[PDB]
Amino acid sequence: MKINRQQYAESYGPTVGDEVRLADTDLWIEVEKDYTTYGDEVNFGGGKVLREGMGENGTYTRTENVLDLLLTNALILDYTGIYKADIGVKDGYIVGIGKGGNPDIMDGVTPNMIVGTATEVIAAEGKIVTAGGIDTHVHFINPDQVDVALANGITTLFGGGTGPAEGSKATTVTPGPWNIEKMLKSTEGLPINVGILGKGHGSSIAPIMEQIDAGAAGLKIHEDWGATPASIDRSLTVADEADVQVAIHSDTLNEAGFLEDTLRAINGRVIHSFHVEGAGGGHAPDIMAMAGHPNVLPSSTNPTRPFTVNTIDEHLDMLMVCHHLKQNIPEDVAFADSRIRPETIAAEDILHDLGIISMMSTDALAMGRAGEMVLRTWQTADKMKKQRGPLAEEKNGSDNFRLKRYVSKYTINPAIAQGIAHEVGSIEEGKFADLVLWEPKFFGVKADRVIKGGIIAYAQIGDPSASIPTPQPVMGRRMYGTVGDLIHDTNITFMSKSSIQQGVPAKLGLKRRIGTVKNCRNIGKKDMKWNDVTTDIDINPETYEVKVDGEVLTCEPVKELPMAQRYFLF
Amino acid sequence: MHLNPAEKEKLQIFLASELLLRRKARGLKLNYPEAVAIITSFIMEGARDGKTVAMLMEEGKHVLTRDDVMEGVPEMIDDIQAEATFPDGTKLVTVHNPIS
Amino acid sequence: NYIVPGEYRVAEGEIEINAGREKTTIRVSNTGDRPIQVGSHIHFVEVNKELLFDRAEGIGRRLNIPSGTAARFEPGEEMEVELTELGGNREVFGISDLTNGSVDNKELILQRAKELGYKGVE
Ligand code: NI
Ligand code: NI
């Protein structure tokens with residue numbers, strides 16, 4: 001018996017060789033492979049297949065290969081591939097990617113993906129499923145930023161801050177043992193994974209290190225606290241001992257050094273270079289040349305993504321507010337102004353496209369939009385397809401290679417950089433079930449459902465007083481995963497090894513899952529999935545022209561983007 | 001007033017429709033959320049007027065046409081559902097493919 | 001061209017379901033007075049007792065129809081359906097409790113079926 005492809009895709013989501021448009025972009029992803037057995041597809045509903053004695057096994061207890069949750073017929077978009085599969089979750093973790101159902105009567109059932117009495121079902125047929133976004137440049141300034149991030153598919157917030165204090169409004173820093181402990185306790189009520197960065201500043205080891213022992217998951221070196229050769233050096237020495245990542249916002253002022261001085265202080269050690277283009281901060285004008293080095297893990301923040309006709313005009317006042325500058329101070333204005341360059345922003349687009357800048361991040365509330373990391377990643381990929389064409393690496397009008405390059409910037413690469421990719425960052429077996437479903441029409445704009453540790457945490461859903469959940473108003477709402485003590489089991493607080501070994505979680509009464517930061521000192525640019533290019537980046541000091549391999553990297557600002565006015569109410 | 005949860009929430013649909021109607025009156029092609037709001041508030045107000053569910057299921061297809069909205073908006077909206085207090089109590093109105 | 005956000009561009013060709021499995025066409029009658037709708041993955045011999053058909057020809061089989069669809073029999077309606085073979089371990093448990101094991105045990109299945117009044121045990 002045969003089903004035409006149009007009808008097949010309508011019923012079960014797309015299969016091998018079918019292509020899906022991403023939102024209202026010009027990007028097309030193609031199904032690369034499909035783990036199903038045609039005719040034994042799992043589905044749930046009245047008179048469907050996942051029913052006792054049929055696609056649901058009525059024999060096995062939960063421990064015997066039965067899933068807690070089966071996502072049926074997902075179109076996975078991940079660094080590991082773009083393919084069709086069932087996703088099986090158990091104990092909060094992804095335990096099987098393959099084909100779920102009942103081995104009694106179905107062919108090809110992955111052995112640990114049995115739908116049994118214990119199995120909950122989420123229908124993903126027709127959806128695109130990605131890992132939760134990993135935002136490693138977060139300022140904790142306003143607790144309302146968490147729903148904003150969940151709504152655009154972000155499930156991990158790494159950064160610093162104590163609320164709307166000027167230190168935190170400028171810098172991703174939670175300074176010292178007490179602020180750290182306070183924010184670890186606060187984190188117990190935030191329905192997202194969190195990792196906290198200590199102040200990466202000091203000329204002695206102990207003041208820096210005690211932050212790591214107190215529970216920080218990494219360090220931030222920021223010029224507003226003095227991004228000197230000493231603070232850089234001491235922070236990397238702490239990090240190398242503690243096995244945590246250091247993020248840097250370097251000395252824009254070139255006050256104690258130029259870029260080559262910062263690199264000399266870094267001394268080949270691993271470091272995550274935040275907002276590498278430099279509008280968000282860094283040696284003027286040539287901080288973006290850090291993204292060519294093998295020991296640098298380079299990220300962009302999002303207000304320069306991608307290069308548009310209004311990008312430059314918004315930047316002056318934004319910067320002045322974030323860094324507590326005064327327009328009535330000319331050197332303040334000069335400092336601000338030196339950071340804002342069309343030349344480097346235009347080249348930043350291309351560097352992303354070439355896999356030279358490996359990661360995206362928001363910079364939430366301190367020159368960055370908490371809910372637009374995923375959004376602007378896809379806008380950039382779309383603008384690059386339009387201006388530069390499909391990449392050479394693609395096959396048959398599909399944008400799969402670009403899609404894998406770009407999805408990696410906000411999922412697996414930030415996780416790798418932070419030392420948390422054993423837990424999160426991708427849809428792989430063994431990793432925490434942080435999953436985002438998207439309708440293709442809303443891909444990258446508004447997440448359908450956000451799954452945190454195997455339970456839906458956030459959903460676009462309608463009137464709670466209605467007969468069914470689809471009537472208006474459909475809006476993003478926290479779900480049962482955020483409620484009561486479930487908030488503890490579905491979210492991870494990432495901490496250093498020494499704080500975990502010193503019993504900080506018990507000391508502070510933390511009930512959240514505790515994740516271990518590890519393996520971040522022996523990684524480099526080569527470990528950035530699909531974004532591993534090292535090269536000599538030349539930035540002309542007088543014209544700010546960017547060159548790679550002898551060629552100028554330039555492109556035009558666009559007047560319009562997709563994933564914008566078709567979707568947003570404001 | 002004794003507002004319950006739904007009454008408070010549904011006020012925002014009326015407000016979003018008012019917003020979208022001003023945008024349409026100054027000549028803009030409406031986007032997705034705007035078009036949904038307009039048709040949703042149309043339904044709820046129609047229920048307040050005492051129209052039947054069957055009437056609104058059909059009237060809902062003629063509130064906005066494809067030239068009212070941006071490219072691709074018609075095909076984004078498979079249906080619009082809304083519940084409101086009719087003369088006979090709360091009922092659900094499902095408008096299939098409201099914009100052609 | 002006209003953008004429909006999230007639209008598919010499906011490949012060419014057709015999907016053959018239950019490929020490589022024996023197919024069998026049988027005639028089935030709803031002898032009851034209320035409608036009976038049978039899903040794609042129910043062991044066919046274990047369907048409602050009032051469906052009349054050669055019950056032996058349902059053993060180890062199910063409807064050869066797209067996963068999640070069904071065959072609907074109105075009261076008194078007789079029609080032909082095509083079956084396919086169960087796959088996997090070819091075991092059936094629960095449902096109407098006619099098999100609870102290998103579907104190879106025809107003999108036992110038919111005996112239970114007949115005893116409980118499942119029509120058509122030949
Ligand atoms: Ni910065
Ligand atoms: Ni920042």
# chains A, B, ... in the order shown; residues from 1 in each chain; ligands from 1
>>> residues_near_ligand(ligand="ligand 2", cutoff="6 Å", atoms="only C-alpha atoms and all ligand atoms", output="list in words")
residues 171, 172, 363 and 366 of chain A
>>> write_last_selection(atoms="C-alpha atoms", output="CSV table (one decimal), in the first residue's frame")
chain,number,residue,atom,x,y,z
A,171,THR,CA,29.2,43.2,33.9
A,172,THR,CA,28.3,39.5,34.1
A,363,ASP,CA,24.3,40.0,26.7
A,366,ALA,CA,23.6,45.1,29.3
>>> interface_residues(of="chain C", to="chain B", cutoff="7 Å", atoms="only C-alpha atoms", output="list in words")
residues 3, 4 and 5 of chain C
>>> write_last_selection(atoms="N, CA and C atoms", output="PDB file, in the first residue's frame")
ATOM      1  N   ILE C   3       6.055  33.473  -0.055  1.00  0.00           N
ATOM      2  CA  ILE C   3       6.603  32.695   1.073  1.00  0.00           C
ATOM      3  C   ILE C   3       5.488  32.236   2.002  1.00  0.00           C
ATOM      4  N   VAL C   4       5.366  30.931   2.219  1.00  0.00           N
ATOM      5  CA  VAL C   4       4.439  30.438   3.251  1.00  0.00           C
ATOM      6  C   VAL C   4       5.288  29.936   4.413  1.00  0.00           C
ATOM      7  N   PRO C   5       5.319  30.676   5.511  1.00  0.00           N
ATOM      8  CA  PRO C   5       6.279  30.480   6.583  1.00  0.00           C
ATOM      9  C   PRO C   5       6.254  29.026   7.019  1.00  0.00           C
TER      10      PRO C   5
END
>>> residues_near_ligand(ligand="ligand 1", cutoff="10 Å", atoms="only C-alpha atoms and all ligand atoms", output="NGL selection string")
:A and (137 or 170-172 or 220-224 or 247-252 or 273-276 or 278-282 or 301 or 322-323 or 363 or 366-368)
>>> write_last_selection(atoms="N, CA and C atoms", output="tab-separated table (two decimals), in the first residue's frame")
chain	number	residue	atom	x	y	z
A	137	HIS	N	26.20	34.57	28.01
A	137	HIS	CA	26.50	35.97	28.30
A	137	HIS	C	25.29	36.64	28.95
A	170	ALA	N	26.50	46.49	34.19
A	170	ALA	CA	27.63	46.63	33.28
A	170	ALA	C	28.24	45.26	33.00
A	171	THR	N	28.34	44.38	34.00
A	171	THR	CA	29.22	43.22	33.92
A	171	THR	C	28.55	41.93	34.38
A	172	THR	N	28.87	40.84	33.69
A	172	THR	CA	28.31	39.53	34.08
A	172	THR	C	29.07	38.97	35.26
A	220	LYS	N	34.37	36.12	35.07
A	220	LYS	CA	34.30	37.15	34.05
A	220	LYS	C	35.36	38.23	34.34
A	221	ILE	N	36.22	38.45	33.36
A	221	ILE	CA	37.15	39.55	33.27
A	221	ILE	C	36.46	40.64	32.42
A	222	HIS	N	36.22	41.78	33.03
A	222	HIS	CA	35.56	42.89	32.41
A	222	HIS	C	36.36	44.18	32.62
A	223	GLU	N	36.48	44.97	31.56
A	223	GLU	CA	37.22	46.22	31.63
A	223	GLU	C	36.66	47.20	32.65
A	224	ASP	N	35.36	47.13	32.95
A	224	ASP	CA	34.85	48.08	33.93
A	224	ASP	C	35.40	47.79	35.32
A	247	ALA	N	35.57	34.20	30.84
A	247	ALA	CA	35.06	35.04	29.77
A	247	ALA	C	35.76	36.38	29.87
A	248	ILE	N	36.12	36.97	28.73
A	248	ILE	CA	36.78	38.26	28.79
A	248	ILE	C	36.05	39.31	27.95
A	249	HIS	N	35.96	40.50	28.53
A	249	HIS	CA	35.62	41.75	27.87
A	249	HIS	C	36.88	42.59	28.09
A	250	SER	N	37.70	42.74	27.06
A	250	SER	CA	39.01	43.36	27.26
A	250	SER	C	39.01	44.89	27.34
A	251	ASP	N	40.22	45.42	27.48
A	251	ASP	CA	40.43	46.86	27.67
A	251	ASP	C	40.24	47.63	26.39
A	252	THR	N	39.02	48.11	26.16
A	252	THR	CA	38.66	48.92	25.02
A	252	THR	C	39.55	50.15	24.86
A	273	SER	N	36.23	34.66	24.53
A	273	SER	CA	36.15	36.07	24.17
A	273	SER	C	34.73	36.49	23.80
A	274	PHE	N	34.11	37.24	24.71
A	274	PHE	CA	32.72	37.68	24.59
A	274	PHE	C	32.65	38.79	23.56
A	275	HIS	N	31.47	39.00	22.96
A	275	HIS	CA	31.21	40.02	21.96
A	275	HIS	C	32.50	40.41	21.25
A	276	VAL	N	33.00	39.42	20.49
A	276	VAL	CA	34.31	39.53	19.85
A	276	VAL	C	34.36	40.62	18.83
A	278	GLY	N	33.31	43.63	19.21
A	278	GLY	CA	33.77	44.73	20.01
A	278	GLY	C	32.82	45.88	20.25
A	279	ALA	N	31.64	45.96	19.62
A	279	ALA	CA	30.68	47.00	20.02
A	279	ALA	C	30.31	46.81	21.48
A	280	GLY	N	30.12	45.54	21.86
A	280	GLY	CA	29.85	45.19	23.25
A	280	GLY	C	31.06	45.33	24.15
A	281	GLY	N	32.26	45.57	23.63
A	281	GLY	CA	33.41	45.86	24.45
A	281	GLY	C	34.70	45.20	24.00
A	282	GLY	N	35.82	45.92	24.12
A	282	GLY	CA	37.09	45.28	23.78
A	282	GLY	C	38.04	46.20	23.04
A	301	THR	N	27.73	38.86	20.96
A	301	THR	CA	26.50	39.22	21.63
A	301	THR	C	25.50	39.66	20.56
A	322	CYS	N	24.59	51.34	29.55
A	322	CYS	CA	25.08	50.10	30.14
A	322	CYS	C	26.32	50.29	31.01
A	323	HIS	N	27.29	51.05	30.52
A	323	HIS	CA	28.56	51.31	31.18
A	323	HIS	C	28.59	52.58	32.03
A	363	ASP	N	23.87	38.85	25.94
A	363	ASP	CA	24.30	40.02	26.70
A	363	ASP	C	23.10	40.66	27.37
A	366	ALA	N	22.34	44.28	29.16
A	366	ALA	CA	23.57	45.07	29.29
A	366	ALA	C	24.26	45.11	27.94
A	367	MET	N	23.56	45.63	26.96
A	367	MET	CA	23.77	45.67	25.55
A	367	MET	C	23.45	44.32	24.88
A	368	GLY	N	22.24	43.81	25.12
A	368	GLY	CA	21.84	42.55	24.52
A	368	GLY	C	20.42	42.17	24.87
>>> select_by_dssp(residues="range 74-118 of chain C", states="strand (DSSP E or B)", output="ChimeraX atom specification")
/C:78-85,91-92,101-102
>>> interface_residues(of="chain B", to="chain A", cutoff="9 Å", atoms="only C-alpha atoms", output="PyMOL selection string")
chain B and resi 5-6+9-10+12-13+16+20+30-34+36-37+40+70-73+76+80-83+90-94
>>> residues_around(residues="residue 98 in chain B", least_positions_apart="6", cutoff="10 Å", atoms="only C-alpha atoms", output="list in words")
residues 35, 36, 39, 57, 58, 59, 60, 61, 62, 63, 64, 65, 66, 74, 75, 77, 78, 79 and 80 of chain B
>>> interface_residues(of="chain A", to="chain C", cutoff="6 Å", atoms="only C-alpha atoms", output="short mmCIF file (atom, residue, chain, number, x, y, z; two decimals) with C-alpha atoms, in the first residue's frame")
data_model
loop_
_atom_site.label_atom_id
_atom_site.label_comp_id
_atom_site.auth_asym_id
_atom_site.auth_seq_id
_atom_site.Cartn_x
_atom_site.Cartn_y
_atom_site.Cartn_z
CA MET A 1 0.00 0.00 0.00
CA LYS A 2 1.62 3.51 -0.73
CA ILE A 3 1.14 7.08 0.61
CA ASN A 4 2.11 10.12 -1.48
CA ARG A 5 4.79 12.33 0.14
CA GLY A 17 14.68 14.20 1.26
CA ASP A 18 11.71 16.40 2.21
CA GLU A 19 12.61 20.02 2.95
CA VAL A 20 11.17 22.49 5.43
CA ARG A 21 11.41 26.28 5.28
CA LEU A 22 12.66 27.90 8.53
CA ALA A 23 10.03 30.49 9.55
CA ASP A 24 9.72 33.14 6.80
CA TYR A 38 7.17 3.01 7.41
CA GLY A 39 3.76 1.78 8.62
CA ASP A 40 4.84 1.42 12.29
CA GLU A 41 5.15 5.17 13.00
CA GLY A 47 -7.91 5.18 17.82
CA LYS A 48 -4.19 5.66 17.19
CA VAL A 49 -1.18 3.39 17.57
CA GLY A 53 -1.29 -4.27 23.32
CA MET A 54 -0.58 -2.30 20.14
CA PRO A 103 8.64 -4.66 20.26
CA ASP A 104 5.71 -7.10 20.55
CA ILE A 105 4.35 -6.17 17.14
CA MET A 106 6.50 -3.42 15.60
CA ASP A 107 9.63 -3.69 13.50
CA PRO A 440 8.26 25.53 11.39
CA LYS A 441 6.22 28.68 10.72
#
>>> atom_distance(atom1="CA of residue 58 in chain A", atom2="CA of residue 111 in chain C")
22.8 Å
>>> select_by_dssp(residues="chain B", states="helix (DSSP H, G or I)", output="VMD selection string")
chain B and resid 5 to 25 32 to 48 53 to 62 66 to 68 73 to 76
>>> residues_around(residues="residue 269 in chain A", least_positions_apart="4", cutoff="8 Å", atoms="only C-alpha atoms", output="PDB file with C-alpha atoms, in the first residue's frame")
ATOM      1  CA  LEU A 236      43.443  32.216  34.091  1.00  0.00           C
ATOM      2  CA  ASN A 295      43.087  29.200  22.258  1.00  0.00           C
ATOM      3  CA  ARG A 521      40.949  24.022  30.108  1.00  0.00           C
TER       4      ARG A 521
END
>>> residues_around(residues="range 49-51 of chain B", least_positions_apart="3", cutoff="8 Å", atoms="only C-alpha atoms", output="PyMOL selection string")
chain B and resi 45-46+55-56+86-87
>>> atom_distance(atom1="CA of residue 431 in chain A", atom2="CA of residue 94 in chain A")
5.6 Å
>>> residues_around(residues="residue 413 in chain A", least_positions_apart="5", cutoff="12 Å", atoms="only C-alpha atoms", output="NGL selection string")
:A and (78-79 or 131 or 133-136 or 272 or 297-299 or 355 or 357-361 or 404-408 or 418-422 or 424-426 or 520 or 523-532)
>>> write_last_selection(atoms="C-alpha atoms", output="short mmCIF file (atom, residue, chain, number, x, y, z; two decimals), in the first residue's frame")
data_model
loop_
_atom_site.label_atom_id
_atom_site.label_comp_id
_atom_site.auth_asym_id
_atom_site.auth_seq_id
_atom_site.Cartn_x
_atom_site.Cartn_y
_atom_site.Cartn_z
CA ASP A 78 21.22 19.72 15.84
CA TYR A 79 24.99 19.85 15.20
CA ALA A 131 18.33 21.46 22.01
CA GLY A 133 19.68 27.36 23.75
CA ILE A 134 22.74 27.95 25.93
CA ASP A 135 23.24 31.62 26.64
CA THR A 136 26.66 32.19 28.18
CA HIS A 272 36.08 32.71 25.96
CA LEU A 297 36.53 30.53 22.09
CA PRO A 298 34.86 33.48 20.34
CA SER A 299 31.26 34.59 20.82
CA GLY A 355 32.78 29.50 11.07
CA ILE A 357 33.05 33.20 15.27
CA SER A 358 31.75 30.04 16.94
CA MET A 359 29.02 31.15 19.31
CA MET A 360 26.11 33.50 19.82
CA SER A 361 24.93 34.85 23.19
CA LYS A 404 24.28 22.96 11.38
CA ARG A 405 26.95 25.65 11.53
CA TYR A 406 24.47 28.15 12.94
CA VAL A 407 22.48 25.94 15.31
CA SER A 408 25.84 25.00 16.87
CA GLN A 418 31.51 26.46 29.53
CA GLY A 419 32.43 22.89 30.47
CA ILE A 420 28.82 21.72 30.61
CA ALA A 421 28.41 19.87 27.31
CA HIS A 422 28.33 16.50 29.14
CA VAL A 424 23.41 20.00 27.89
CA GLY A 425 23.86 21.65 24.50
CA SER A 426 22.64 19.03 22.05
CA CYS A 520 37.21 23.49 29.82
CA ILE A 523 39.75 22.74 24.63
CA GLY A 524 40.34 25.24 21.84
CA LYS A 525 38.83 26.71 18.71
CA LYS A 526 39.19 23.29 17.06
CA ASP A 527 36.57 21.88 19.47
CA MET A 528 33.90 24.35 18.25
CA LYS A 529 31.51 22.18 16.22
CA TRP A 530 31.26 23.37 12.59
CA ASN A 531 32.94 26.66 13.66
CA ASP A 532 36.53 25.68 14.13
#
>>> closest_residue(among="A:402, A:341, A:324, A:62", to="residue 389 in chain A", atoms="only C-alpha atoms")
A:402
>>> decode(residues="range 10-41 of chain B", atoms="N, CA and C atoms", output="JSON list (two decimals), in the first residue's frame")
[["chain", "number", "residue", "atom", "x", "y", "z"],
["B", 10, "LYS", "N", -8.93, 38.14, 28.68],
["B", 10, "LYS", "CA", -9.60, 38.42, 27.43],
["B", 10, "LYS", "C", -9.71, 39.90, 27.15],
["B", 11, "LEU", "N", -9.65, 40.76, 28.17],
["B", 11, "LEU", "CA", -9.54, 42.20, 27.99],
["B", 11, "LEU", "C", -8.38, 42.59, 27.07],
["B", 12, "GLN", "N", -7.28, 41.89, 27.19],
["B", 12, "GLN", "CA", -6.08, 42.11, 26.39],
["B", 12, "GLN", "C", -6.24, 41.76, 24.92],
["B", 13, "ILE", "N", -7.12, 40.86, 24.58],
["B", 13, "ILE", "CA", -7.48, 40.54, 23.21],
["B", 13, "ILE", "C", -8.26, 41.71, 22.60],
["B", 14, "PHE", "N", -9.19, 42.28, 23.37],
["B", 14, "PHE", "CA", -9.89, 43.46, 22.89],
["B", 14, "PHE", "C", -8.89, 44.58, 22.65],
["B", 15, "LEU", "N", -7.95, 44.77, 23.59],
["B", 15, "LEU", "CA", -6.97, 45.83, 23.46],
["B", 15, "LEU", "C", -6.08, 45.60, 22.25],
["B", 16, "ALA", "N", -5.64, 44.36, 22.02],
["B", 16, "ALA", "CA", -4.80, 44.06, 20.87],
["B", 16, "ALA", "C", -5.54, 44.28, 19.55],
["B", 17, "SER", "N", -6.84, 43.99, 19.52],
["B", 17, "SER", "CA", -7.67, 44.23, 18.35],
["B", 17, "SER", "C", -7.80, 45.72, 18.09],
["B", 18, "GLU", "N", -7.99, 46.52, 19.16],
["B", 18, "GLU", "CA", -8.08, 47.97, 19.01],
["B", 18, "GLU", "C", -6.79, 48.50, 18.40],
["B", 19, "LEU", "N", -5.67, 48.03, 18.92],
["B", 19, "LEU", "CA", -4.35, 48.37, 18.40],
["B", 19, "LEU", "C", -4.26, 48.06, 16.91],
["B", 20, "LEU", "N", -4.59, 46.81, 16.56],
["B", 20, "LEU", "CA", -4.47, 46.32, 15.19],
["B", 20, "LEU", "C", -5.41, 47.09, 14.26],
["B", 21, "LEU", "N", -6.60, 47.41, 14.74],
["B", 21, "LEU", "CA", -7.54, 48.21, 13.96],
["B", 21, "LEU", "C", -6.99, 49.60, 13.68],
["B", 22, "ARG", "N", -6.24, 50.23, 14.59],
["B", 22, "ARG", "CA", -5.68, 51.55, 14.30],
["B", 22, "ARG", "C", -4.58, 51.47, 13.25],
["B", 23, "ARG", "N", -3.79, 50.41, 13.30],
["B", 23, "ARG", "CA", -2.74, 50.13, 12.34],
["B", 23, "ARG", "C", -3.39, 49.90, 10.99],
["B", 24, "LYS", "N", -4.47, 49.13, 10.91],
["B", 24, "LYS", "CA", -5.15, 48.92, 9.65],
["B", 24, "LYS", "C", -5.79, 50.22, 9.14],
["B", 25, "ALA", "N", -6.31, 51.03, 10.04],
["B", 25, "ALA", "CA", -6.95, 52.29, 9.60],
["B", 25, "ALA", "C", -5.90, 53.26, 9.09],
["B", 26, "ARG", "N", -4.63, 53.17, 9.51],
["B", 26, "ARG", "CA", -3.66, 54.11, 8.94],
["B", 26, "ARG", "C", -2.94, 53.52, 7.74],
["B", 27, "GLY", "N", -3.44, 52.42, 7.19],
["B", 27, "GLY", "CA", -2.99, 51.92, 5.91],
["B", 27, "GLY", "C", -2.04, 50.76, 6.00],
["B", 28, "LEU", "N", -1.78, 50.16, 7.18],
["B", 28, "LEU", "CA", -0.83, 49.07, 7.18],
["B", 28, "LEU", "C", -1.47, 47.74, 6.82],
["B", 29, "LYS", "N", -0.71, 46.87, 6.15],
["B", 29, "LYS", "CA", -1.03, 45.47, 5.98],
["B", 29, "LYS", "C", -0.75, 44.79, 7.32],
["B", 30, "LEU", "N", -1.72, 44.08, 7.86],
["B", 30, "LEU", "CA", -1.59, 43.50, 9.18],
["B", 30, "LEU", "C", -0.74, 42.24, 9.23],
["B", 31, "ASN", "N", -0.11, 42.06, 10.38],
["B", 31, "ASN", "CA", 0.72, 40.87, 10.58],
["B", 31, "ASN", "C", -0.09, 39.79, 11.27],
["B", 32, "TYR", "N", 0.58, 38.71, 11.64],
["B", 32, "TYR", "CA", -0.03, 37.53, 12.20],
["B", 32, "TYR", "C", -0.80, 37.77, 13.48],
["B", 33, "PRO", "N", -0.13, 38.23, 14.52],
["B", 33, "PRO", "CA", -0.76, 38.52, 15.81],
["B", 33, "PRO", "C", -1.86, 39.57, 15.71],
["B", 34, "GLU", "N", -1.70, 40.58, 14.85],
["B", 34, "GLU", "CA", -2.73, 41.59, 14.61],
["B", 34, "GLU", "C", -4.00, 40.99, 13.99],
["B", 35, "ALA", "N", -3.85, 40.19, 12.93],
["B", 35, "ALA", "CA", -4.95, 39.54, 12.28],
["B", 35, "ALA", "C", -5.68, 38.58, 13.24],
["B", 36, "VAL", "N", -4.92, 37.81, 14.01],
["B", 36, "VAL", "CA", -5.56, 36.89, 14.97],
["B", 36, "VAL", "C", -6.38, 37.68, 16.00],
["B", 37, "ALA", "N", -5.80, 38.78, 16.50],
["B", 37, "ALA", "CA", -6.48, 39.60, 17.50],
["B", 37, "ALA", "C", -7.79, 40.15, 16.97],
["B", 38, "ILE", "N", -7.75, 40.72, 15.77],
["B", 38, "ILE", "CA", -8.94, 41.31, 15.18],
["B", 38, "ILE", "C", -10.06, 40.27, 15.05],
["B", 39, "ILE", "N", -9.72, 39.09, 14.53],
["B", 39, "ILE", "CA", -10.76, 38.07, 14.35],
["B", 39, "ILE", "C", -11.23, 37.51, 15.68],
["B", 40, "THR", "N", -10.32, 37.40, 16.63],
["B", 40, "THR", "CA", -10.70, 36.93, 17.96],
["B", 40, "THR", "C", -11.64, 37.91, 18.63],
["B", 41, "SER", "N", -11.31, 39.20, 18.65],
["B", 41, "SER", "CA", -12.19, 40.16, 19.31],
["B", 41, "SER", "C", -13.52, 40.26, 18.59]]
